[PDB]
Amino acid sequence: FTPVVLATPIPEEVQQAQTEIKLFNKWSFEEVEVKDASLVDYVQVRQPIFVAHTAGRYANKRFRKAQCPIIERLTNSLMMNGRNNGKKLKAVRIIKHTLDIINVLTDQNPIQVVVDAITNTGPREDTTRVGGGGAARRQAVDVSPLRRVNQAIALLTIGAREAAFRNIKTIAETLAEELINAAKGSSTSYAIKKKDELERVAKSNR
Amino acid sequence: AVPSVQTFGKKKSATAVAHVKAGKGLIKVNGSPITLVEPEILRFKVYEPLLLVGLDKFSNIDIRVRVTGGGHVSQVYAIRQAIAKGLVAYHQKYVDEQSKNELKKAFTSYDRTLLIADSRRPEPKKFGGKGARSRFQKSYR
Amino acid sequence: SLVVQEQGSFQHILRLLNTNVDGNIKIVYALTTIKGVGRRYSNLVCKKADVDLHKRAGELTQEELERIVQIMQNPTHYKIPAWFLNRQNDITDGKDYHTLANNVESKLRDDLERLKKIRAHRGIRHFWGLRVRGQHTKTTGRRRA
Amino acid sequence: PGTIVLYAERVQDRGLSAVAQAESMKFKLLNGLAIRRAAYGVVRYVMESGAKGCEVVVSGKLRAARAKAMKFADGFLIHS
Amino acid sequence: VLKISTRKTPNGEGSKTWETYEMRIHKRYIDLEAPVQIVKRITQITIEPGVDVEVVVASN
Amino acid sequence: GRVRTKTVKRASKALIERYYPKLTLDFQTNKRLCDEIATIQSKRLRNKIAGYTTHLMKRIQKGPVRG
Amino acid sequence: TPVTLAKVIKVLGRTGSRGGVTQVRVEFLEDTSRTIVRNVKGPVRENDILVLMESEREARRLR
Amino acid sequence: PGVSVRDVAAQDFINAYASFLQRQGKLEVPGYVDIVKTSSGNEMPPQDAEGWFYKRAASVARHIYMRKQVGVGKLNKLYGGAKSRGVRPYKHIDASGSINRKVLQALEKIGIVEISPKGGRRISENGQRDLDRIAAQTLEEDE
Amino acid sequence: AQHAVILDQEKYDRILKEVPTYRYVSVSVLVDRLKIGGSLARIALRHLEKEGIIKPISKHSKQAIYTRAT
RNA sequence: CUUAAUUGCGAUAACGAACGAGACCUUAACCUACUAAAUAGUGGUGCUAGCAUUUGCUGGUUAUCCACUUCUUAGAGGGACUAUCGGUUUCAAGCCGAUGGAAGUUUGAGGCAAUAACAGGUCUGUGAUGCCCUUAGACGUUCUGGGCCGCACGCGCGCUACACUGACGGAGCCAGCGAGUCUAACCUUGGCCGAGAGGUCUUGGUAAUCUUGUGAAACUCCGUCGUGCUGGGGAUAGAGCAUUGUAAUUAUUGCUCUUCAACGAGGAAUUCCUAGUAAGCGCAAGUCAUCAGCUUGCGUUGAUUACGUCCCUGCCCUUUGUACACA
C-alpha cells in the first residue's frame, strides 16, 4: 500500500481498505457475475460507492435513472413512510448492520446477495387493466429490465416496513431478512407475494 | 509570504474555505482532522476522493479548512468540494499540466462534483402550501 | 458495566402505600402506574431512599419501601417543599400538601363540592356535564360524556 | 417659517402625458361633453401629438342603462 | 428590502393568490479624510430630487 | 423545447442576401458580427439570432437552396 | 416450465389504456433471426432482453 | 507529532471530564440537581442518575476556549429545545439558566475560568492548563 | 408483558447456550428466543462481549450485530 | 408537423402586417476580472498563553500593521447557442443521444399575461358613495359588560400519536426570509438570585456594526425502555410563581406539579405532484399589547413512478345538426 506518514495521524487501517480498493465500509465490491439476462447498466455494480449517499441527479433523465447505482435505489426506497419520508442518514447507518448479518451468514459479496434479490424478485410481468367484454378484466405484459429493478426495491421495502412495524424486530434485522429471504425464492418477503399472482394471471390470460 | 492556493466549496446555502500551501501535509479544520468530522458514515464519504488517488500527494501540503452557516449535512459536501478544487489548483500553480490532466480525469470518470458545480437550489414557494407546485387539498366542496 | 441477577424473591403484584402496586417493570416507572404517586414524584421517592435509575423492580428491602410511605404523604416532614406538590400554598395557613394515591380521589370531588356550595361556574357547570376551563366547542363535541 | 420653497414650472406636452390630460378631461365630462364625441376628442388629441398607443376604456351606461366596456384605443397598444 | 405582502383583491373573496409590492433601499459608502470646503460642497451641490447622504465628521 | 420566435427568423434571412461574401459558419465569432451590422436591444435574443445563421449557412451549401 | 428471454430490437408506437404501454417487437437470443411481436410495460429501448413467460403469443393495441 | 484541542474524541471526552468535576471535589453545590431537568421544555429525567450537572459544566468550558467568551443567555438559546404541548406545536423556548450560572460561577471561586470585560465569561491561564490536561488523558487512550 | 421481563438466573444459563456457535447473535435477537428482555440482555452482551465469544462489527443504539467465537 | 404557445415552420385563393405569447422586468445560480471593502472576510506579522516545547496546531487587541478579493458583499460587464457529430423525418421546423460547460424542461423560476363574458365579490377599507333612512327622544357617538369568545348534529382548513424507521437522556450542537425607543420605554445583551417566568443593576443600537454566527428543529453518538388505553398521547382537572393590561372570568399565554382521551392504520371515496420537486421542520415576520396551531416565504433534510396516452374528469378544435338567441 506504499507507506504514508506525515503530520495528521491518518490511521493506516482506514487508508488500507481505501487508498487501494474503494469498496464499501470494508466490503469487496470487485468480481460479481451476471446470473440473469440483460440487467447490465439498469443494474450498476461498477461504481464502488463507499457509503449509501451520493449527489443523486438521475431522476432528471429517463434511462439515467437506470444507470444509477442499484445500492442507492435500496436506501432511496428505505428513506420513506411518513415519519422518515425524507432524511437519508437514518436508513444509511441501519442499512450497514443489515448486509453485516449477511457478512456472517454465507459471507460472499454483500452486493452479490442483492443481485439475486433483484433477478427473481423484480416482477417478470405486471398486471394492468385492459378491456374485453362485459366488464374490465386485468392483463399483464412483459416487463423491461428497468421495471424489474424498480418494482423490486419498491415491494422489498413494503415487506421490510411491515416487518419492523408492530414487531420487536429491528430495521437492520428486517432489512437482512429481506435480502436473505431474497436468496432465490423463499416465498416469505411481501415482494414475491404480489409478484406470485402476476405470474398466476401471466398464465391463465396469456 | 506563505504560498497557499485558496479555494472553496459549498451547496444550497453553506460556506467553506480550504487552503493548499507547501507544508508537512495535513487536514486540520480549525485544528481537527477530516477523520473526526462525522456523522460516522459521511466521514467515509468525505475520504472517498483521497482513496481513488491516495493521500500520497497530501504528504507535502498544509490544508486549512473552515466551515460556518448553512446546514450540518450541507457542510458535508462543502468541506470536500473546497479541498478537492484546492488541490487541482496547486497542480496549475506549482505542478505540471499533464499531471493535473489525468487527475481531473480520475474525478470525472467517477463524477461527484469534487471540482464541478452543483446548480440545484430551493424554488419560489407558492402562496398555497410549504413547497413549490404544492397546492392545498382542493376537495372542491 | 456489571450484570444484575441477585436472588429470586420477586413477587408478582406486590402491595405498598395502601395500593395494589403492579410489577414486571422498573421500580422507578413502576409506581407511576398509580393515580396519586406522580411520574416525577415517584422519581423523587426512588433516588431519595437509595435506588438507582439502572435498577428494576423485583428485589430490594421492605425497610426502604416503609420510609417511602412517610415521605410522599408527609411533605412538610421529608424534603418535598410546595412546587413538587399539586396542592401547594396549601389552603389553610402558609404550608403545603400533595395528593398521594388514596388522597387525590378524595380532595378531587370534595374541594370542588365546597366551591359548588359558594355557587361558582367552576364546579357548577362541571356538574351539568359541560366545559369549565374556558374554551370554544361550537364546532367539536360529537361524542359527549 | 423660512425653510420651505414652493416652486412651479410648465407641463411637458399633456398630449403624450396621460396624467395631465386626465386632469382637464376630469372636468371636460363634468363640463357637459357626451360619450362617443367626448372620448374620441381626447384621443385624436394625442394623435396630433404623435403617440404610439392610446387606450381609454370608458365604463358606464350609454342611454341603454347598461354599463358595458367601450374601446376608445387606437395605434400600437401592447400589454407586456 | 421592505416587502409589504397584502391579499391581492382589496375586499376579501375569490381564490388563493398573494401579492408582494416590493421596494428596496440601496446603501453605498465613501470613506474619506477631506477638509470642510469639498466636504460642505458634497451636502450643498450635486443633489438629485429624493436623495440624501449620511456624513459623520471625525472618527471616534 | 427550443424553437426561436418569428421576429429573429425574418431578420437573419435578410443578412444572407446582403453579407454572403462574408458570414462565418462559427457562432462564437458571428456573435459580434450581428452586433455592428444591425441594431438590437435584447441580450438573450442576440445569441439566438447569431446561432441561427451558423446553423442555416452550414447546411446552406448542401446544394439546392429553395429558401 | 420453459422461460424465454427476448431482446428488444424495434418500437412501433406507445399505446396504453391511460397511456402506459407500447407495441414492442422483440427477438429472443434463444435461436435468433425469429422476431415475435408482443408488448412491454415500463421504460423500453432497443437491445433490452425481456422476461416474457411465453414463446408463441401476440396482442394488438391496448385500450 | 503533537496535538491541539478540537482534535479530541467528541462525547467520550465530555463523559470522562464530568467525572473529574466530582473527583477533585471542586464543584461547590447548594443542592438542586435531581429536582430540575435543565429546561422549561425537558419532560423526562436521566437514565444516568449521578451526573448531567457536572456534564453541563464541562460542555460550557469547551465552547469558551474554542471561541472568545460565553455566559448563560447564549446557553439559554444554545440549550433551548422544542416543547410539544400535546397536539399543540413545538417551540424553541429558552430552557433554564439557574444551573448554568452557579455552574461556572463556582468554577470561578476555584480558578477554572475568568470574568471577561464588556461581556461573557473568558477562560483564565490556570483554566487552559486544566482543560488541555484532560485532553492529554483522553489522547493517552488514542495515539 | 408475558415471558422475559424479569431476570431469574435460570434464563441466563440456557442463554449461554444461545451466544456460542451462533452466526447471527445480537441483543434483541436472543430476546425473541422467548428468554430475557432487551433490557438486561444489554449489560449481558457487554460482559460476555469483553470475553470474545460475540464479535462486535456494529455498536450504536438498538442495532449491534455480533459474530460467533471464531 | 412541432412547440410551455397562431412558438412557428411548412402549406396554399390569398398578400403582408397588429396584440396576446415569446421577448421583456424580476431572483438565485457560473463569475481566482473590475470599485474595492475590518460595517464581510482570509493570511502572515509586533505583542500573551495553552500544547509543540525540534517543522509548529490554534484563539485573542473592528488601528500592530500590511496584502488579497478566494470565502462574502453588488453595481458595471461577460455567458449558452440543442450550439458539436451521427442516426430519424420531404434529407423541414425540429427531435434525440453523447459533449464540455455554471447550466441542454424560459435554465429552474415568478410579475406582465389580448379582446370578451360575469347582470362574479365588495355600498362593510373607498372623505368614491347614485337611490334611501336618520339629526334633541339620533341609524354619528360615548360609558359597563356580554354578544364577535354562548353548542344534541356538521362540511371543510391544519395537527396528533397510534409506537421499536419508536419513547426518553445528556451529548455531536448547522440556517436563511429576518427584525428593532423622542420630551422615550422599541431590539435590550453582560449580568447576581430564581422550577419556568421574573425582581433588581446597566450599557450598547437607530442599525452587514449593538441585539444575534438565529447556539432552530431535523439528524448523528453511546445508552433507558421493550409492542402493554405502558413510561405511547398528557387527557382532564385543580392549588400555585409571574409578563401585557383600568380589569384576565366565559379566563390570553409561558410553565411547575398531579391525573392519563379516542387511536391497533383509518369507511365508499378522494387532493398535491414528474426534481433540491414530495414530504418532515423551524425562524423572524405579516399578526401585534399579551395571545397564531392561520398565511408570506425562507433556510433546513431530502423519495418513489411513467416520458405516454385521452381512460375519468376541465377546456380546446373541425366534420355536422338545428325549428335555440334572456342562448
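Rules and cut-offs
- Residues numbered from 1 in each chain as written, not as in the entry; some residues may be left out.
- Chains lettered and ligands numbered in written order.
- Part of a larger assembly, values for the part shown.
- Heavy atoms only, no water.
- Helix = DSSP H or I, 4+ residues; strand = E, 2+ residues; numbered from the N terminus.
- Rg over C-alpha atoms; globule rule 2.2 N^0.38 Å.
- Buried < 20%, exposed > 50% of the residue type's maximum accessible area, 1.4 Å probe, protein only.
- Contact = heavy atoms within 4.5 Å.
- Areas by Shrake-Rupley, 256 points an atom, 1.4 Å probe, with all protein chains shown as cover.
- Patch = residues over 30% accessible without salt bridge, like charges linked within 9 Å, V, L, I, M, F, W, Y side chains within 5 Å.
- Salt bridge = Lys/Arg side-chain N within 4 Å of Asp/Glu carboxyl O.
- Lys, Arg positive; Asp, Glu negative; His and termini not counted.
- Charge placed at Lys NZ, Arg CZ, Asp CG, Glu CD.
- 1 Å grid on protein atoms, 1.4 Å probe; cavity = no way out; pocket = protein on both sides within 12 Å on 5 of 7 lines; lining within 4 Å.
- Points joined across faces, edges and corners; volume = space filled by probe spheres on them.
- Nonpolar A, V, L, I, M, F, W, Y, C, P; charged D, E, K, R; others polar.
- Buried area = accessible area lost by both parts, 1.4 Å probe.
- Polar contact = N/O pair within 3.5 Å; in protein donor to acceptor, adjacent residues only side chain to side chain.
- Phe/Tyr/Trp six-rings, centres within 6.5 Å; stacked < 30°, edge-to-face > 60°.
- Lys NZ or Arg CZ within 6 Å of the ring centre and 35° of its normal.
- Near = heavy atom within 4 Å.
- Pairing = 2+ DSSP bridges.
- Axes fitted to C-alpha atoms, helices over the stretch in contact; angles between N-to-C directions.
- Core = buried A, V, L, I, M, F, W, Y, C linked by side-chain atoms within 4.5 Å.
- Parallel < 35°, antiparallel > 145°, perpendicular 65-115°, else oblique.
- Left-handed = near helix turned anticlockwise from the far one by under 90°.

Asks: It is not clear to me how the overall build of chain F should be interpreted in this structure. Could you clarify?
Replies: Along chain F, the regular secondary structure elements total three helices and zero strands. When the helices and strands of chain F are placed in sequence order, the string is α-α-α. Taken over the C-alpha trace, chain F has a radius of gyration of 12 Å; the compact-globule value for 67 residues is 11 Å, and the two agree within 12%. The dimensions of chain F, computed from C-alpha atoms along their principal axes, are 35 × 30 × 20 Å. The proportion of buried residues among the 67 residues of chain F is 27%. Sequence-distant contacts in chain F: of pairs separated by 6 or more residues, those separated by 24 or more amount to 54%. Within the structure as shown, chain F displays about 5600 Å² of accessible surface, and the carbon and sulfur contribution to it stands at 51%.

Asks: I keep staring at a positive patch on the surface and nothing clicks. Help me out?
Replies: A surface patch of positive charge is lined by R129, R137, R138, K193, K194 and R200 of chain A together with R18 of chain G. Those elements that place two or more of their residues in the positive patch are β2 (136-142) and α7 (190-204) of chain A. If you tally residues by element for the positive patch, the top one is α7 of chain A, at three residues. Tracing the backbone through its elements, the reader meets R18 of chain G in the loop between β1 (6-15) and β2 (21-28). We classify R18 of chain G as exposed; its relative accessible area is 65%.

Asks: What am I meant to see in empty space enclosed by the protein here?
Replies: Applying the stated criterion across every chain, the model contains 13 cavities of 30 Å³ or more. The calculated volume of the largest cavity comes to roughly 150 Å³. Along the walls of the largest cavity sit 16 residues, with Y12, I15, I36, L40 and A44 of chain I positioned nearest its centre. Taken together, the elements giving at least two residues each to the lining of the largest cavity come down to α1 (10-15) and α3 (40-44) of chain I. Each residue belonging to the lining of the largest cavity can be placed in one class, and the counts come to 14 nonpolar, one polar and one charged. In this structure, the second largest cavity encloses a volume near 110 Å³. Around the second largest cavity, the lining residues are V5, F13, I14, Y17, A58, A61, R62, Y65, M66, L131 and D132 of chain H. Mapped by element, the contributors of at least two residues to the lining of the second largest cavity are α1 (10-23), α2 (54-65) and α5 (125-139) of chain H. Among the elements that take part in the lining of the second largest cavity, α2 of chain H stands out by supplying four residues, more than any other.

Asks: Even after reading the chapter, I still don't get the interface of chain B and chain H, so can you show me in this structure?
Replies: Where interface size is quoted, it is often the accessible area lost as the parts come together. With six residues of chain B at the contact, the number on the chain H side is four residues. Across the interface of chain B and chain H, roughly 430 Å² is buried in total on both sides, 50% from carbon and sulfur atoms. One can count one salt bridge joining chain B with chain H. Viewed at the interface, chain H and chain B are joined by three residue pairs in polar contact. Taken together, the residues of the side of chain B that touches chain H break down into two nonpolar, three polar and one charged.

Asks: What's the story with the side chain of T119 of chain A in this structure? I'm lost.
Replies: Residues and elements named next belong to chain A. Tracing the chain through its elements places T119 in helix α4 (residues 110-119). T119 gets classed as buried once you look at its relative accessible area, which sits at 5%. Separated by 3.5 Å, the side chains of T119 and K184 make a polar contact. With sequence-adjacent residues up to four places away left out, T119 is seen in contact with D36, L39 and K184.

Asks: Where do I start with the packing of aromatic side chains in this structure?
Replies: Think of a pair of aromatic rings as described by two things: how far the centres are apart, and how the planes are tilted against each other in angle. Under the criterion given, the structure shown has 12 aromatic pairs over all chains. Between the aromatic rings of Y41 of chain C and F84 of chain C, the centroid separation amounts to 5.2 Å while the plane-to-plane angle is 80 degrees, which identifies the pairing as edge-to-face. With a gap of 43 residues between them, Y41 of chain C in helix α2 (residues 41-47) and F84 of chain C in the loop between α3 (62-73) and α4 (104-116) connect regions that are remote in the sequence. A residue is classified by how much of its surface remains accessible, and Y41 of chain C, at 2% relative accessible area, is buried. The interplanar angle of 50 degrees and the centroid separation of 5.6 Å between the aromatic rings of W83 of chain C and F84 of chain C together place this pair among those described as tilted. Each residue in the set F50 of chain A together with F44 and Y47 of chain B is aromatic and connected to the rest through ring pairs, giving one cluster. In this structure, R56 of chain H is placed above the aromatic ring of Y79 of chain H, and the distance from its NZ or CZ to the ring centre is 5.5 Å.

Asks: Please clarify how the protein's contact with RNA strand J should be interpreted in this entry.
Replies: Around RNA strand J lies a shell of 244 residues, among which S119 of chain B, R18 of chain G together with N42, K102 and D132 of chain H are the nearest. Of what RNA strand J places within 4 Å of the protein, 77% of the atoms are sugar or phosphate. In the environment of RNA strand J, a phosphate oxygen lies 2.7 Å from a nitrogen or oxygen atom belonging to the backbone of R166 of chain A. Between RNA strand J and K91 of chain H there is a distance of 3.4 Å, counted from a sugar or linking oxygen to a side-chain nitrogen or oxygen. At seven residues, helix α3 (residues 43-58) of chain F tops the list of elements feeding residues into the surface near RNA strand J. Here the residues of the surface near RNA strand J sort into 61 nonpolar, 89 polar and 94 charged.

Asks: Help me understand the pattern of salt bridges in this model?
Replies: Any two side chains of opposite charge can pair, on the condition that their charged atoms come close. Following the criterion strictly, the structure yields 21 salt bridges over all chains and no others. With a shortest N-O distance of 2.9 Å, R38 of chain G and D142 of chain A are connected by a salt bridge. Of this pair, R38 of chain G sits in strand β3 (residues 37-40) while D142 of chain A sits in strand β2, each in a different chain. Its salt-bridge partner being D7 of chain H, residue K28 of chain B comes within 3.9 Å of it at the nearest N-O pair. Taken together, the residues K28 of chain B in strand β3 (residues 26-29) and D7 of chain H in the segment before α1 connect one chain to another.

Asks: Teacher, can you tell me more about the sheet that holds β1 of chain G here?
Replies: Pairing between the strands of a sheet is mediated by backbone hydrogen bonds and can be parallel or antiparallel. Residues and elements named next belong to chain G. As summarised here, the arrangement of the three strands in space is β1-β2-β3, forming an open sheet in which the pairing is antiparallel. Edge positions in the sheet fall to β1 and β3, since each has one partner strand and no second. Across the sheet, the axes of successive neighbouring strands diverge by a mean angle of 35 degrees, strand direction being ignored.

Asks: In this structure, what is going on with the nonpolar core? I would like to understand it.
Replies: One broad rule of soluble globular proteins: the nonpolar side chains tend to lie buried together. In terms of nonpolar packing, the biggest core is built from 39 residues, with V45, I70, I71, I111, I118, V149 and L179 of chain A touching the most fellow members. Those elements that provide at least two residues to this core are α2 (70-76), α3 (89-104), α4, α5 (145-161) and α6 (171-180) of chain A together with α1 (41-47) of chain B. Excluding residues within four positions of it along the chain, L179 of chain A makes contact with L74, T98, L99, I102, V113, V114 and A117 of chain A. Grouped together as the second largest cluster of nonpolar side chains are 30 residues, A18, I27, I34 and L55 of chain B included.

Asks: Looking at this structure, how should I read the interface of chain A and chain G?
Replies: Taken together, the contact between chain A and chain G spans 28 residues of the former and 22 residues of the latter. Roughly 2400 Å² is buried in total at the junction of chain A and chain G, and carbon and sulfur atoms are behind 58% of that figure. Our count for the chain A to chain G interface comes out at three salt bridges. The partner of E125 of chain A in a salt bridge is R57 of chain G, with the nearest N and O atoms 3.3 Å apart. The tally of links from chain A across to chain G stands at 11 residue pairs in polar contact. Of all the elements in the fold, those that place two or more residues in the side of chain A that touches chain G are β1 (125-131), β2, α5 and α7 of chain A. Here the side of chain A that touches chain G gets seven residues from one element, more than from any other, and that element is β1 of chain A. Residue classes in the side of chain A that touches chain G are distributed as 11 nonpolar, seven polar and 10 charged.

Asks: How do you make sense of the sheet that holds strand β5 (residues 67-68) of chain B when you look at a structure like this?
Replies: All names here are of chain B. Taking strand neighbours across the sheet as the criterion, the three strands line up as β1-β2-β5 in an open arrangement whose pairing is antiparallel. On the outer flanks of this sheet lie β1 (7-8) and β5, each paired with one strand and no other. Bridging between β1 and strand β2 (residues 15-18) involves two bridges; their strand directions are antiparallel. Note on β2: the bridge partner recorded for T7 is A18.

Asks: Could you clarify how one ought to interpret helix α1 (residues 12-19) of chain A in this entry?
Replies: Since the α-helix turns once every 3.6 residues, residues separated by three or four places project in the same direction. The complete set of buried residues in α1 of chain A reads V14, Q15, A17, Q18 and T19 of chain A. Each element contacted by the buried residues of α1 of chain A is listed here: α1 and α2 (49-52) of chain B.

Asks: Help me understand the packing of helix α1 (residues 18-29) of chain D against helix α2 (residues 36-49) of chain D in this model?
Replies: Any two packed helices are characterised by the angle at which their axes cross and by the distance between the axes. Residues and elements named next belong to chain D. Viewed as axis vectors pointing N to C, α1 and α2 meet at an angle of 160 degrees, and their least axial separation amounts to 11 Å. The pairing of α1 with α2 is recorded here as roughly antiparallel in orientation. Crossing of α1 over α2 shows right-handed handedness. Together, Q21, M25, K28 and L29 of α1 and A38, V42 and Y45 of α2 make up the contact between the two elements.

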